[PDB]
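Below: one structure, written as structure tokens.
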Amino acid sequence: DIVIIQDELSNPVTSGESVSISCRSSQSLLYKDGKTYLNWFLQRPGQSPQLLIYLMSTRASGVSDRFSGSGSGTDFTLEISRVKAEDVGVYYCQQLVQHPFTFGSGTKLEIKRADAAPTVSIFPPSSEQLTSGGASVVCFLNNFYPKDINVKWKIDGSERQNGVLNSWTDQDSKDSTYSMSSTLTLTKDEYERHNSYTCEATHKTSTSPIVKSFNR
Amino acid sequence: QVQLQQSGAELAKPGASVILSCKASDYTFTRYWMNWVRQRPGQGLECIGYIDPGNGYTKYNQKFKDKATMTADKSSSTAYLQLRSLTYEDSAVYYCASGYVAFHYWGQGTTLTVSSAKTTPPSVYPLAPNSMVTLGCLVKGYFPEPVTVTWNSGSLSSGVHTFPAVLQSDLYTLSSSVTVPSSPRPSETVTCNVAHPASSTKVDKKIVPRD
Amino acid sequence: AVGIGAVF
């Protein structure tokens, strides 16, 4: 089979500048008809891949003119002349000159924007859950930048680390922010033996954490 | 527009077979090649094979050679992918793609899970608590993936953050959040809609203030 | 079958 490899972007790109995404193949993709069989895709989280360029240089219907494709028979480059926040996602190249058509491992693009503090929101367990016998405390740190963030759970003033589960989203396509979810799962027996519950966010915005808490 | 509509998520046991479907509308089904590709969780894309819908002629990637069988029924304009002797490694998202331009139009995502574990529906819990109040729904203890979460039947797609699921004791847990002004809520209703195709379950939870 | 972009 033909093997295809892609490069990586070092760091978040600056808005307005140009970005190059490169791809190389173990064999020539130039076919005997003079066309080069290479596709470029953009895949967003939870969506199917979107075809951007085929035949290595022809833009798909409706694709922004900021995207252009070029290359030789083994080295190919996708160009984003004026990158925008809507361009974040994972880019794939693909060869279609010989079966099986193979893809590269993908190249992730993140964009830089102004620093933003997380919007913290804590939720006590619902009555429906307590009836079942569970007690989950949920904390949302939403629309912050950049992605480097830590979260700390304190029960009545003592740090809590057992029973906490986290989930992070990829960069948002509209405002270039990140969001995280932190859920503390306890027993209906354990939640009732404490009064204060706090979720704290440590971020590059502040020296000291941002705290949202509640007392049962 | 050219449309490819895909089968719902399925849960199957090791050794069994499953048939996924891809239905073509608003274009001549016989004209274009149909491609089948697989994307395993966290991994990249991999071509399974392709079929000509006019004669049933197929070409397979040898990695999926004896495991997969592509067929086409012209009367219903539907392509079929049979996966035999399923393994845990076959748990993945399966896409169909067609068009004059190859891989132009996709649709898709049939999440296939092979785990010998029994399908369990989720419990949906409301998360009730300024300028912008934040609400949410906790979707806990379901199997297998996926769960699709909407708010007010897609009307509030702005300000929504549906987080990736976490696996714990062989069950998944997911959380979704929505942010609206203080003016509409609680004066106007906010409902989270959770669909779990593997169990044919739909759950709607209206978010109501605490007392 | 008819198409471009791939060598079927």
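Nothing in this text is a laboratory measurement; each read-out follows from the coordinates by a stated rule. Ideal geometry is used to build each Cβ from the backbone, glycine not excepted, and the neighbour counts take in all protein chains shown.
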Within region B:99-119, restricting to residues that are hydroxyl-bearing (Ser, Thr, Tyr) and within 19 Å of the chain's Cα centre (by Cα), the one that is farthest from A:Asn39 (Cα to Cα) is B:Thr119
Restricted to region B:167-188, and to residues that are polar (S, T, N, Q) and farther than 14 Å from B:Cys137 by Cα, which residue is surrounded by the most Cβ atoms within 10 Å (Cβ to Cβ)?
B:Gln168
Among the residues of region B:62-78, how many are buried (at least 20 other Cβ atoms within 10 Å of the Cβ) and farther than 14 Å from B:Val18 by Cα?
2
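Among residues belonging to region B:42-60 that are in contact with a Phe, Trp or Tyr (Cβ under 8 Å, 6 or more places away or on another chain) and in a loop (DSSP other than H, G, I, E, B), point out the one that is farthest from the other protein chains (Cβ to nearest Cβ).
This residue is B:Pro53.
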Residue set B:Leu20, B:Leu11, B:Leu81, B:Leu86; condition away from chain A (no Cβ under 14 Å), surrounded by 19 or more Cβ atoms within 10 Å (Cβ to Cβ), more than 18 Å from the chain's Cα centre (by Cα) and within 28 Å of B:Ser200 (Cβ to Cβ); output residue B:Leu86
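Filtering region B:189-211 down to residues that are charged (D, E, K, R) and assigned to a strand (DSSP E or B), which residue is surrounded by the most Cβ atoms within 10 Å (Cβ to Cβ)?
Filtering region B:189-211 for residues charged (D, E, K, R) gives B:202, B:204-206, B:210-211.
Imposing the further condition that a residue be assigned to a strand (DSSP E or B) reduces the set to B:202, B:204-206.
Details: B:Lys202: 12, B:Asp204: 13, B:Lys205: 20, B:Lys206: 10.
Out of the qualifying residues, it is B:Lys205.
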In the list A:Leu165, A:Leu130, which residue meets the criterion of being within 28 Å of B:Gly42 (Cα to Cα), within 14 Å of chain B (Cβ to nearest Cβ) and of a type in the set (A, V, I, L, M)?
A:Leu165
If A:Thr205 satisfies all but one of (1) under 22 Å from the mean Cα position of the chain (by Cα); (2) assigned to a loop (DSSP other than H, G, I, E, B); (3) closer than 20 Å to B:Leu138 by Cα, what's the number of the condition it fails?
(3)
Let me confirm something: among B:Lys74, B:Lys118, B:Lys67, B:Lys63, which residue is within 14 Å of chain C (Cβ to nearest Cβ), farther than 22 Å from A:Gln43 by Cα and among the charged types (D, E, K, R)?
B:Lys74
